[PDB]
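A.B. asks: Structure below; questions to follow.
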Amino acid sequence: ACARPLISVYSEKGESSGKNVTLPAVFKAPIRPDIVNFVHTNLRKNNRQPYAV
Amino acid sequence: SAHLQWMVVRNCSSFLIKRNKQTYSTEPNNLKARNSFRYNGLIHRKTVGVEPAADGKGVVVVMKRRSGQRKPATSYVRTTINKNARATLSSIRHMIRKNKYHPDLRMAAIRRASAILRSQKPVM
Amino acid sequence: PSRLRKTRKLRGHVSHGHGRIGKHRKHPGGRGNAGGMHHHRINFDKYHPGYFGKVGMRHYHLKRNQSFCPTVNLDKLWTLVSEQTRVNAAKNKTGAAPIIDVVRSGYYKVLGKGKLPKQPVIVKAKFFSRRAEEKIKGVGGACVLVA
Amino acid sequence: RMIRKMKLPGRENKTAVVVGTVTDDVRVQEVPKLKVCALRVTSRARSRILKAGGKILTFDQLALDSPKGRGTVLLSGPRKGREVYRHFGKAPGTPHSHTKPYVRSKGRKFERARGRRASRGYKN
Amino acid sequence: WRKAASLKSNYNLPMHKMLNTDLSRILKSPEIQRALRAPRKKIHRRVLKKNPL
Amino acid sequence: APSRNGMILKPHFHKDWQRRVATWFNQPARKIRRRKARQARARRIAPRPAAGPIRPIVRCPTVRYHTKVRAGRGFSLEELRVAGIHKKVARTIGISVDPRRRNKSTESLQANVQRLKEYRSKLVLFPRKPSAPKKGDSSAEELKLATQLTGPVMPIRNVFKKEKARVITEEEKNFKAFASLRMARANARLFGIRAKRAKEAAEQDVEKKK
RNA sequence: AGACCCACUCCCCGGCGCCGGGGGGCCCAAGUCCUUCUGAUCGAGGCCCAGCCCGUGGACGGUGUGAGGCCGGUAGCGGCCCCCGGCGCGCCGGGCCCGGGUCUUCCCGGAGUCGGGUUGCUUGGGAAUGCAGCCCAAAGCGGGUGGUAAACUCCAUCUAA
RNA sequence: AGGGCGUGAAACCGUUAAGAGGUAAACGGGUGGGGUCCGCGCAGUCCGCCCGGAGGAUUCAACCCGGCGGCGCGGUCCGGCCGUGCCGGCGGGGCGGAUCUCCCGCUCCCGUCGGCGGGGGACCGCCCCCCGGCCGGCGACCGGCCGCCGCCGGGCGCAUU
RNA sequence: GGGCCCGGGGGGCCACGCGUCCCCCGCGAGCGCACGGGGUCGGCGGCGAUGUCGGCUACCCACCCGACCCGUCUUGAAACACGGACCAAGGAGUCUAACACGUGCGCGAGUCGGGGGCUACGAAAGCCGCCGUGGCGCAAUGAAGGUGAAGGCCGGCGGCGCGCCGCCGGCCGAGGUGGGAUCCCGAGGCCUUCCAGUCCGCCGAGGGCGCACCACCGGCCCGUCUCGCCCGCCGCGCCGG
RNA sequence: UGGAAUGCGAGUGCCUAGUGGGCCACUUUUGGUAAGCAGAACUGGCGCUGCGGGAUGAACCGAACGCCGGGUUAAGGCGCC
RNA sequence: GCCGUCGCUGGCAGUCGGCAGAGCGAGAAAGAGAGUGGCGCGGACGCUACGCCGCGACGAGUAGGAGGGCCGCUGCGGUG
Ligand SMILES: [Mg+2]
Ligand SMILES: [Mg+2]
Ligand SMILES: [Mg+2]
Ligand SMILES: [Mg+2]
Ligand SMILES: [Mg+2]
Ligand SMILES: [Mg+2]
Ligand SMILES: [Mg+2]
Ligand SMILES: [Mg+2]
Ligand SMILES: [Mg+2]
Ligand SMILES: [Mg+2]
Ligand SMILES: [Mg+2]
Ligand SMILES: [Mg+2]
Ligand SMILES: [Mg+2]
Ligand SMILES: [Mg+2]
Ligand SMILES: [Mg+2]
Ligand SMILES: [Mg+2]
Ligand SMILES: [Mg+2]
Ligand SMILES: [Mg+2]
Ligand SMILES: [Mg+2]
Ligand SMILES: [Mg+2]
Ligand SMILES: [Mg+2]
Ligand SMILES: [Mg+2]
Ligand SMILES: [Mg+2]
Ligand SMILES: [Mg+2]
Ligand SMILES: [Mg+2]
Ligand SMILES: [Mg+2]
Ligand SMILES: [Mg+2]
Ligand SMILES: [Mg+2]
Ligand SMILES: [Mg+2]
Ligand SMILES: [Mg+2]
Ligand SMILES: [Mg+2]
Ligand SMILES: [Mg+2]
Ligand SMILES: [Mg+2]
Ligand SMILES: [Mg+2]
Ligand SMILES: [Mg+2]
Ligand SMILES: [Mg+2]
Ligand SMILES: [Mg+2]
Ligand SMILES: [Mg+2]
Ligand SMILES: [Mg+2]
Ligand SMILES: [Mg+2]
Ligand SMILES: [Mg+2]
Ligand SMILES: [Mg+2]
Ligand SMILES: [Mg+2]
Ligand SMILES: [Mg+2]
């Protein structure tokens, strides 16, 4: 959880443009499928429209 | 890691089939289509896959290389083997035991290979 | 969610979990806090002593801004200034003590809980407790009053 | 609390272990060199421990360093240090019960007249 | 991890609860493997009781 | 009916509260509308500042807030008079006026007087007739740089006078903070009765004297 | 208002002519290509390397299923045509003959209302928060308020009818 | 699908077929007999190795060429990125600081001397970028040579394989 | 009878090397049968394509044993207790607010932007930080005025007569007793031809540091009471500590 | 020499529903001529509970219940049903 | 015999293979320890660890509580 390799940048022709970017730290952050499901569950309720008889 | 990735997909995967009190995995390089940590074909650094060749003759043995783990384009080495039945199995046994490449999948790979070759014989 | 609640498991069970004998009637015992000095006296006496009666003077038109007086103890006193403020003062030699102005931090009175590090300090506040001033004086500091 | 319990005689160079969170204490002035294993350490507690020269571990690192837990000092936070336990015990309206009542407000008018002073009915 | 977020007023990456998630490397490591008792993998099924008399 | 230990609750739902529920489902649509009226107003008065007239500094009342300053309603007539701005001309050039407000102390008066003079120094004034400048108007060179201002004009901020470490004296070390406070409360509490006793005492002895 | 200084020419009204958001109408990409299932199909297969064609348009509806490409539409700081509006620029006839600082002398306020008693309602407003009836009924450094009735006394704060 | 016409349930009814019928019917357990259908049964499984007969071939092992891959404590190969590592930096900078500190705007005082507000600079903590030294990963992170092994393609092996 | 059934002059022993000292007088190899860690046969027979084989359950019928009609109130229902002729569709613990405890997640002496603002799905999502005002938490206590959360030791002086109180300077320091998961030391001890003595491990009498928690005893803060002697001063007080 | 036998792992904290009509039997027992009456104690039951026996039956006797095969019983029985 | 529940808070990461050596159920503490001197290329299944395996006990139920439903219904985000 400390490796930050170099990521290629590809040209529009689908080839490695020779440039590189170090992998951002955010891609090493903990993967929490339950924090995601909690957050997705509750945020998706926020674009609802009320219904009532 | 494999164990971390297995905890994300053990019960949430497009390849997961739950039906008739059974469970299967339809992803490539799973030797038994089994929703198992051992036989999952995506989460490990070293995986073995056996498929029928594009034409119904011989099998294709897929091995995951060690370097390009994050590079899907060049991660799998595919070898076609179209010898007789006993020679096809002998190659797979050596491709696994001699290289010490996931030795715990030796018989699953050999059992899967015998099943593809059998299915390529003329039907009666 | 309603799928996780008792109602779903109570389908098919007559009485819906309220009993066959006592049933679920509308308001047995009264509505709200009825019966405090009556059929509900034990609960009130047992769990809410002091509930009934009157105590103390009335004060019409209380304005809670007049008694605003946030307090800070001495054990938290040095957090009101940065860390380098304390280390610089502790290691300097001229004997100069830093000024901690608790009003700037949103406090008025200084209380005495805790102990101070052996480091002189000048404290500014509207109010002090007697033990706060002694403890502040025990480390070589002084208390400064502001209006 | 961790500094106090790790200062008892004969606990030098022992790794403090807590299955939980290590929170910072602003009331502490000097932080000694600690080795700690915790589930979580607050952002400010982490800086203070390291700036003092200590070492922070995870529990997967305690195993590779102390597989059997040797040289460890297992520690726990105050379990009764919660507001709820101020409400447990003899009901507030019984003799010598120092239980905290459940009131919506605190002040002269809120449960202090009858049952709490002899001048109003009684006290216990 | 070393540098707080620049475009968020006060934010930093969430800390890892488990730094090495490779459970197989941990378990197979020499250090843990020295502390273990030998496995007891022999199965002792039920013995049918025969009458000694 | 109460059940074991529990708070005694007095919900205020004994009226027809359902007839007067105010939902907030129009909140995002209100926020858009308010913003759209801020933009059309900013375009309408440009290059005048979108925020509005410059407000003064004032100290919040009560002892809970008097350590803080904020934006007041408008500058007072004494402030404008000392700053040489006509009260009726003040509103025309972006300055707010508050005839009600009184200046009790000089320092607060001066702070707003200086605030006005700083504002008058930043004012870029366009001539009434664009082709016919006049006495007070800004030069044509600095009109090409006149751009609308966003946010409150000269925002008001609470600044603290930092004091450096100084060696504590024996006079300060000797000061008694608690005793000084307790005696001060006593003196301000017994002042009226003490003065009464002194007056009566003189009367009692005087009749003995004369 | 008078005096001494200082500074002033654009501000609007009725007409008249010229110049740069809103409503209505009409329009603007691409398969009905080749086999094929069907009562009919919008279905299925295909459409060279490349990948049928358009795509800022793959919302939706219609059409004998199930349609980006058959039609209407959809996208577009797209096109054209009418009308209303707004914002600017000039002319005619009008109105205004306009301001600031300091001194000097002057002038300045809402009454059957306030306030008081009592009654009824009302309020969280408690020796009475507000309102109303009846009685009493003002003052002018006065009057109102200053959340406990009242006298004496300072303060603060506004200026009702 | 025949104009209250999509589908067309249940109750209830007509008829056809089968079975049965004096303790109302119905029901549980246990068999039995008869039907409707199903096995799309009716000379009964399949697989590995071995032995033997008949044959038949993109003929085996071993060798050579080429490609690919795994591993190497290559006891210490070269090149690399690279340490949420540690040391030395005249290193070139950002962030923060209730750590200190020549320039300026306004103001009190006589052209002088002070206060507020606005700016450098030093300092400290952290971070990024540059250079040298140790150990250090490359299993969330690789290339070149060498070695071993494995696999495939092509030769050669032409037959007790 | 008991004394490995004491000692002396035909029938069963889970007796069977020896140097010795002397009480007394550390590995043989095979093979095989089995009352031996739960069943096998390395045993057989008949029938089989147009009327026969298998088909639990399922349709109809029969017989034997069993068998009162449900829901409900009720001590007690098959009841001569009430609802129920039959079939379809509909039909009853919800939502809002408040509170309590439990659980999960985030951050943590803090935490929360919910109101406001900025920048098709989107009325969403993202940002604010001199938007954290504010809420809850971080301090209690008293009707209130108000007050508001450890000490000891050393040296000197002062008052009383070695001890006490008031005052000055240096040292240590957030209590203790009992139990207490875990952790720590380690008498002794864990074998291979035999002796010595090492490296890593491991068991362990006894002894320690002792988490949380509980019981107990101290202490500290606010209200009240009783007793009592002092200390401060710009205000010498019906003052303050 | 953990200082009688026997048996058994204990302690502890929160939240908590339904109930708050009961009725019956051995023994003891109050009122009443008595009652399948009214009222108590102890234990056990029925209520909430099927099952073998008492022909039949809330409580009696035996015994308490996962779906089964074999064996043996209890209380009760063995002319025929 | 079989089903389930409960308990053993039981066992399995040791699939440690020709870079090899198969064990730790056994009456009675702790090492199948490490040293220094005196031909073939072969070896079943397993491990959705929320999984798999073993052993022992047990199983009445109204009011009521709790758990699990790969029980069923309608719509929404993903996926097939
Ligand atoms: Mg039930
Ligand atoms: Mg009911
Ligand atoms: Mg209930
Ligand atoms: Mg009830
Ligand atoms: Mg209710
Ligand atoms: Mg209740
Ligand atoms: Mg259509
Ligand atoms: Mg097509
Ligand atoms: Mg369409
Ligand atoms: Mg198409
Ligand atoms: Mg079109
Ligand atoms: Mg359009
Ligand atoms: Mg008026
Ligand atoms: Mg009324
Ligand atoms: Mg009322
Ligand atoms: Mg008053
Ligand atoms: Mg039809
Ligand atoms: Mg139709
Ligand atoms: Mg119809
Ligand atoms: Mg019809
Ligand atoms: Mg019919
Ligand atoms: Mg018939
Ligand atoms: Mg019968
Ligand atoms: Mg019958
Ligand atoms: Mg009923
Ligand atoms: Mg009855
Ligand atoms: Mg019934
Ligand atoms: Mg009857
Ligand atoms: Mg009835
Ligand atoms: Mg009826
Ligand atoms: Mg229905
Ligand atoms: Mg409750
Ligand atoms: Mg909670
Ligand atoms: Mg929308
Ligand atoms: Mg009742
Ligand atoms: Mg009775
Ligand atoms: Mg009775
Ligand atoms: Mg009942
Ligand atoms: Mg019972
Ligand atoms: Mg029973
Ligand atoms: Mg009988
Ligand atoms: Mg039986
Ligand atoms: Mg009989
Ligand atoms: Mg049960």
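In the structure tokens, chains take letters A, B, ... by order of appearance, with residues numbered from 1 within each chain and ligands from 1 in the order shown.
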Using DSSP on the backbone, list every residue of chain B that comes out as strand (DSSP E or B), and give them as a count of residues only.

C.D. replies: 25

A.B. asks: For region 20-28 of chain C, list every protein, DNA or RNA residue within 12 Å, evaluated using only C-alpha atoms (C1' of nucleotides), and leave out those in the same chain fewer than 6 positions away; present the list as a PDB file with N, CA, C and O atoms (P, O5', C5', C4', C3', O3' and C1' of nucleotides), in the first residue's frame.

C.D. replies:
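Below is the file that was written, result_17.pdb:
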ATOM      1  N   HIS C  13     -50.113 -14.176  12.098  1.00  0.00           N
ATOM      2  CA  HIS C  13     -50.291 -14.325  13.534  1.00  0.00           C
ATOM      3  C   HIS C  13     -51.385 -13.366  13.977  1.00  0.00           C
ATOM      4  O   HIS C  13     -51.196 -12.146  13.949  1.00  0.00           O
ATOM      5  N   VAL C  14     -52.531 -13.918  14.373  1.00  0.00           N
ATOM      6  CA  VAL C  14     -53.598 -13.088  14.905  1.00  0.00           C
ATOM      7  C   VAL C  14     -53.019 -12.243  16.033  1.00  0.00           C
ATOM      8  O   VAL C  14     -51.989 -12.574  16.629  1.00  0.00           O
ATOM      9  N   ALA C  34     -50.978  11.780  31.449  1.00  0.00           N
ATOM     10  CA  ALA C  34     -52.095  11.682  32.373  1.00  0.00           C
ATOM     11  C   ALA C  34     -51.781  10.725  33.514  1.00  0.00           C
ATOM     12  O   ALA C  34     -51.129   9.699  33.321  1.00  0.00           O
ATOM     13  N   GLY C  35     -52.254  11.063  34.708  1.00  0.00           N
ATOM     14  CA  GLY C  35     -52.175  10.169  35.840  1.00  0.00           C
ATOM     15  C   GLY C  35     -50.928  10.277  36.682  1.00  0.00           C
ATOM     16  O   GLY C  35     -50.673   9.380  37.487  1.00  0.00           O
ATOM     17  N   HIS C  39     -53.066   6.945  39.000  1.00  0.00           N
ATOM     18  CA  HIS C  39     -52.721   5.586  38.608  1.00  0.00           C
ATOM     19  C   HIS C  39     -51.321   5.437  38.017  1.00  0.00           C
ATOM     20  O   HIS C  39     -50.818   4.316  37.930  1.00  0.00           O
ATOM     21  N   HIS C  40     -50.683   6.529  37.596  1.00  0.00           N
ATOM     22  CA  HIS C  40     -49.299   6.484  37.136  1.00  0.00           C
ATOM     23  C   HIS C  40     -48.321   7.071  38.150  1.00  0.00           C
ATOM     24  O   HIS C  40     -47.272   7.587  37.761  1.00  0.00           O
TER      25      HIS C  40
ATOM     26  N   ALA F   1     -49.045   5.733  28.193  1.00  0.00           N
ATOM     27  CA  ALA F   1     -48.645   5.365  29.576  1.00  0.00           C
ATOM     28  C   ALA F   1     -47.134   5.229  29.664  1.00  0.00           C
ATOM     29  O   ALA F   1     -46.511   4.704  28.749  1.00  0.00           O
ATOM     30  N   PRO F   2     -46.532   5.701  30.753  1.00  0.00           N
ATOM     31  CA  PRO F   2     -45.080   5.575  30.887  1.00  0.00           C
ATOM     32  C   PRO F   2     -44.675   4.125  31.064  1.00  0.00           C
ATOM     33  O   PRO F   2     -45.445   3.293  31.547  1.00  0.00           O
TER      34      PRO F   2
ATOM     35  P     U I  72     -58.463 -17.828  16.738  1.00  0.00           P
ATOM     36  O5'   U I  72     -59.634 -17.047  17.467  1.00  0.00           O
ATOM     37  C5'   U I  72     -59.930 -15.697  17.153  1.00  0.00           C
ATOM     38  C4'   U I  72     -61.105 -15.218  17.957  1.00  0.00           C
ATOM     39  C3'   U I  72     -60.935 -15.326  19.455  1.00  0.00           C
ATOM     40  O3'   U I  72     -60.241 -14.215  19.973  1.00  0.00           O
ATOM     41  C1'   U I  72     -63.044 -16.191  18.827  1.00  0.00           C
ATOM     42  P     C I  73     -59.249 -14.390  21.207  1.00  0.00           P
ATOM     43  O5'   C I  73     -60.195 -14.229  22.470  1.00  0.00           O
ATOM     44  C5'   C I  73     -60.782 -12.977  22.772  1.00  0.00           C
ATOM     45  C4'   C I  73     -62.011 -13.121  23.627  1.00  0.00           C
ATOM     46  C3'   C I  73     -61.865 -13.874  24.933  1.00  0.00           C
ATOM     47  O3'   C I  73     -61.194 -13.150  25.947  1.00  0.00           O
ATOM     48  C1'   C I  73     -63.858 -14.526  23.870  1.00  0.00           C
ATOM     49  P     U I  74     -60.065 -13.880  26.820  1.00  0.00           P
ATOM     50  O5'   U I  74     -60.846 -15.015  27.601  1.00  0.00           O
ATOM     51  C5'   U I  74     -61.961 -14.710  28.424  1.00  0.00           C
ATOM     52  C4'   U I  74     -62.756 -15.948  28.741  1.00  0.00           C
ATOM     53  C3'   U I  74     -62.063 -16.975  29.617  1.00  0.00           C
ATOM     54  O3'   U I  74     -62.143 -16.660  30.993  1.00  0.00           O
ATOM     55  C1'   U I  74     -63.044 -18.057  27.761  1.00  0.00           C
ATOM     56  P     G I  93     -51.257  -3.554   9.009  1.00  0.00           P
ATOM     57  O5'   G I  93     -50.238  -2.767   9.941  1.00  0.00           O
ATOM     58  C5'   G I  93     -50.267  -1.349   9.990  1.00  0.00           C
ATOM     59  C4'   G I  93     -49.404  -0.785  11.090  1.00  0.00           C
ATOM     60  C3'   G I  93     -48.063  -1.479  11.328  1.00  0.00           C
ATOM     61  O3'   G I  93     -47.102  -0.493  11.683  1.00  0.00           O
ATOM     62  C1'   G I  93     -49.269  -1.420  13.328  1.00  0.00           C
TER      63        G I  93
ATOM     64  P     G J  18     -47.417  -6.013  24.966  1.00  0.00           P
ATOM     65  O5'   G J  18     -47.999  -7.395  25.491  1.00  0.00           O
ATOM     66  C5'   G J  18     -48.443  -8.406  24.602  1.00  0.00           C
ATOM     67  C4'   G J  18     -48.590  -9.714  25.329  1.00  0.00           C
ATOM     68  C3'   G J  18     -49.479  -9.679  26.560  1.00  0.00           C
ATOM     69  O3'   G J  18     -50.846  -9.834  26.244  1.00  0.00           O
ATOM     70  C1'   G J  18     -47.440 -10.731  27.100  1.00  0.00           C
ATOM     71  P     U J  19     -51.975  -9.224  27.197  1.00  0.00           P
ATOM     72  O5'   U J  19     -51.687  -9.869  28.625  1.00  0.00           O
ATOM     73  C5'   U J  19     -52.012 -11.223  28.897  1.00  0.00           C
ATOM     74  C4'   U J  19     -51.504 -11.668  30.246  1.00  0.00           C
ATOM     75  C3'   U J  19     -52.111 -10.983  31.455  1.00  0.00           C
ATOM     76  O3'   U J  19     -53.359 -11.541  31.812  1.00  0.00           O
ATOM     77  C1'   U J  19     -49.761 -11.129  31.706  1.00  0.00           C
ATOM     78  P     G J  20     -54.640 -10.611  32.032  1.00  0.00           P
ATOM     79  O5'   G J  20     -54.643 -10.305  33.588  1.00  0.00           O
ATOM     80  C5'   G J  20     -54.156 -11.236  34.541  1.00  0.00           C
ATOM     81  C4'   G J  20     -53.590 -10.516  35.736  1.00  0.00           C
ATOM     82  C3'   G J  20     -54.391  -9.311  36.192  1.00  0.00           C
ATOM     83  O3'   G J  20     -55.414  -9.694  37.093  1.00  0.00           O
ATOM     84  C1'   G J  20     -52.082  -8.751  36.024  1.00  0.00           C
ATOM     85  P     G J  21     -56.939  -9.253  36.869  1.00  0.00           P
ATOM     86  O5'   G J  21     -57.481 -10.195  35.705  1.00  0.00           O
ATOM     87  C5'   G J  21     -57.502 -11.612  35.837  1.00  0.00           C
ATOM     88  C4'   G J  21     -58.825 -12.108  36.360  1.00  0.00           C
ATOM     89  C3'   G J  21     -58.917 -13.616  36.570  1.00  0.00           C
ATOM     90  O3'   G J  21     -59.772 -13.901  37.673  1.00  0.00           O
ATOM     91  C1'   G J  21     -60.582 -12.944  35.075  1.00  0.00           C
TER      92        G J  21
ATOM     93  P     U K  62     -47.021 -21.902  20.059  1.00  0.00           P
ATOM     94  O5'   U K  62     -48.243 -21.311  20.883  1.00  0.00           O
ATOM     95  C5'   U K  62     -49.573 -21.670  20.552  1.00  0.00           C
ATOM     96  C4'   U K  62     -50.573 -21.064  21.502  1.00  0.00           C
ATOM     97  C3'   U K  62     -50.451 -19.570  21.738  1.00  0.00           C
ATOM     98  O3'   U K  62     -51.075 -18.817  20.713  1.00  0.00           O
ATOM     99  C1'   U K  62     -50.743 -20.693  23.805  1.00  0.00           C
ATOM    100  P     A K  63     -50.453 -17.433  20.194  1.00  0.00           P
ATOM    101  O5'   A K  63     -50.306 -16.552  21.506  1.00  0.00           O
ATOM    102  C5'   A K  63     -51.437 -15.955  22.115  1.00  0.00           C
ATOM    103  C4'   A K  63     -51.038 -14.988  23.198  1.00  0.00           C
ATOM    104  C3'   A K  63     -49.838 -14.110  22.909  1.00  0.00           C
ATOM    105  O3'   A K  63     -50.123 -13.025  22.049  1.00  0.00           O
ATOM    106  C1'   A K  63     -49.633 -14.996  25.069  1.00  0.00           C
ATOM    107  P     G K  64     -49.275 -12.830  20.705  1.00  0.00           P
ATOM    108  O5'   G K  64     -47.867 -12.281  21.195  1.00  0.00           O
ATOM    109  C5'   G K  64     -47.750 -11.475  22.352  1.00  0.00           C
ATOM    110  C4'   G K  64     -46.374 -11.564  22.960  1.00  0.00           C
ATOM    111  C3'   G K  64     -45.209 -11.609  21.996  1.00  0.00           C
ATOM    112  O3'   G K  64     -44.905 -10.356  21.418  1.00  0.00           O
ATOM    113  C1'   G K  64     -44.870 -13.208  23.675  1.00  0.00           C
TER     114        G K  64
END

A.B. asks: Distance limit 12 Å, reference ligand 34, atoms considered: only C-alpha atoms (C1' of nucleotides) and all ligand atoms. Which residues make the cut? Give them as a ChimeraX atom specification.

C.D. replies: /A:46-49 /F:28-29 /I:120-124

A.B. asks: Write the residues of the selection above to a file with C-alpha atoms (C1' of nucleotides), as a PDB file, in the first residue's frame.

C.D. replies:
ATOM      1  CA  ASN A  46     -31.918  12.727  -2.717  1.00  0.00           C
ATOM      2  CA  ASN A  47     -33.088  13.226  -6.311  1.00  0.00           C
ATOM      3  CA  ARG A  48     -36.520  11.702  -5.695  1.00  0.00           C
ATOM      4  CA  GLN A  49     -39.739  13.647  -6.164  1.00  0.00           C
TER       5      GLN A  49
ATOM      6  CA  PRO F  28     -33.498  24.287  -4.833  1.00  0.00           C
ATOM      7  CA  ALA F  29     -35.877  26.196  -7.091  1.00  0.00           C
TER       8      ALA F  29
ATOM      9  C1'   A I 120     -31.524  15.528 -20.135  1.00  0.00           C
ATOM     10  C1'   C I 121     -30.146  12.425 -15.679  1.00  0.00           C
ATOM     11  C1'   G I 122     -29.362  17.439 -12.503  1.00  0.00           C
ATOM     12  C1'   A I 123     -34.642  19.393  -7.645  1.00  0.00           C
ATOM     13  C1'   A I 124     -28.682  15.643  -8.204  1.00  0.00           C
TER      14        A I 124
END

A.B. asks: Kindly provide, as a list in words, all nucleotide and amino acid residues lying within 9 Å of ligand 11, counting only C-alpha atoms (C1' of nucleotides) and all ligand atoms.

C.D. replies: residues 28, 29, 57, 72, 73 and 74 of chain G

A.B. asks: What residues have any atom no more than 12 Å from ligand 13 when counting only C-alpha atoms (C1' of nucleotides) and all ligand atoms, and can you list them as a list in words?

C.D. replies: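 Using only C-alpha atoms (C1' of nucleotides) and all ligand atoms, I find these residues within 12 Å of ligand 13: residues 109, 110, 159, 160 and 161 of chain G.
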
A.B. asks: For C1' of residue 34 (chain G) and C1' of residue 62 (chain G), determine how far apart the two atoms are, in Å to one decimal place.

C.D. replies: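 According to the coordinates, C1' of residue 34 (chain G) and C1' of residue 62 (chain G) are separated by 27.3 Å.
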
A.B. asks: Any residue with an atom at most 8 Å from ligand 8 counts, using only C-alpha atoms (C1' of nucleotides) and all ligand atoms. Which are they? Put them as a ChimeraX atom specification.

C.D. replies: /G:43-45

A.B. asks: Just to be explicit: take each residue in the selection above, keep C-alpha atoms (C1' of nucleotides), and write the result as a PDB file, in the first residue's frame.

C.D. replies:
ATOM      1  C1'   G G  43     -37.061  -8.749 -35.913  1.00  0.00           C
ATOM      2  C1'   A G  44     -32.279 -11.938 -37.185  1.00  0.00           C
ATOM      3  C1'   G G  45     -27.640 -12.271 -40.204  1.00  0.00           C
TER       4        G G  45
END

A.B. asks: Identify every residue of chain E that has at least one atom within 7 Å of any atom of chain H, counting only C-alpha atoms (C1' of nucleotides), and report the result as a list in words.

C.D. replies: residues 1, 2 and 3 of chain E

A.B. asks: Counting only C-alpha atoms (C1' of nucleotides) and all ligand atoms, what are the residues, protein, DNA or RNA alike, that approach ligand 42 to within 9 Å? I want them as JSON, numbers by chain.

C.D. replies: {"J": [69, 70, 71]}
